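Included below are structure tokens for two forms of one protein chain, each presented in isolation as structure 1 and structure 2.
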Structure 1
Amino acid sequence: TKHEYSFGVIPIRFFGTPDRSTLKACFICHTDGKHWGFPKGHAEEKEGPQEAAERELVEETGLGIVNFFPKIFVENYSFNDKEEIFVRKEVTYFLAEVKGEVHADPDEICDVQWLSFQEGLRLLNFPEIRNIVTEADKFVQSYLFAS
């Protein structure tokens, strides 16, 4: 009955050295009810999904895009809001190597945690995104690592 659409970026960087490095994503904790997610939001009218994703990233974190990977991830949810209205919601995540350091607003954001996807799977509770994180880890493993 009510449809919502959101667009976000999974922000990653590689940390370490040519000898040892780890691919980590920027996990954000939202004071909005205390749960982990990635920078995401609605598209402003006329704005492409990718532009919306880059804009939200920037607004929430001050990071900049270095490059996007050729891949998106999608999750769908259904729930009820204030007026017991039925909301089918679809969220589209891009994946991007990112530069700069984080500048979060303490009002919106409770914590910022750089973890590998496996670190995140092992250590964090994030039902909104577990599937997304699982898929992303599978993707970067075949896309970026030997074979």
Structure 2
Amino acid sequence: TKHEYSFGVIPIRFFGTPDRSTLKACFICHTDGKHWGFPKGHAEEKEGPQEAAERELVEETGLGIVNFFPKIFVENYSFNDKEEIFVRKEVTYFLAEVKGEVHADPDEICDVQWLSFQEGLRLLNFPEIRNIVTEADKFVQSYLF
């Protein structure tokens, strides 16, 4: 009965003059499982969470950080792994305006879509990640709009 810890980024960008209608986020499809979400991964030894999140984003999508926003999001879920071990997993997401063209690492990302938070919600089935996007949509509205 293991505990797993992961760190990721919700990557956002404005396709035009910044506003509610022009914010999009980089939704990705996970090669291992084909569920949708955001880039994330494990911290290397002694790495801080934000450092691990930045490195995992660059490794998986080639995107670079413009600015972090002063906000994090946390989810907790449980599953059984390939070898049938019960896992309790905690994922911490940072939120960042990003730059670059996406170049997915196909070993981890098998599809990419830039969508509004509400559009991307349609791709999400697990309740915990739906809560994440609901909170993130609530945040960008109060913080920016």
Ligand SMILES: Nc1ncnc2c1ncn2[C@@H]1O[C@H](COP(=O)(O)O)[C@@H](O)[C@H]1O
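Residues are numbered by position in structure 1's sequence, first residue being 1. We call the rigid core the largest set of C-alpha positions that still match within 1.5 Å between the two forms.
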Properly assigned, the form deposited with the named molecule bound goes with structure 2
In a superposition on the rigid core, which residue from 101, 44, 105, 59 has a CA displacement reaching 2 Å or more between the two structures?
105
On a rigid core superposition, would residue 126 pass a 2 Å threshold for CA movement between the two structures?
yes
Cα of residue 138 displaced 2 Å or more between the two structures, core superposed?
no
The CA shift of residue 89 between the two structures, rigid core aligned, in angstrom, is 0.8
What does the CA of residue 20 shift by between the two structures after fitting on the core? Give it in Å to one decimal.
8.6
Rigid core superposed, the C-alpha shift at residue 30 between the two structures in Å
1.6
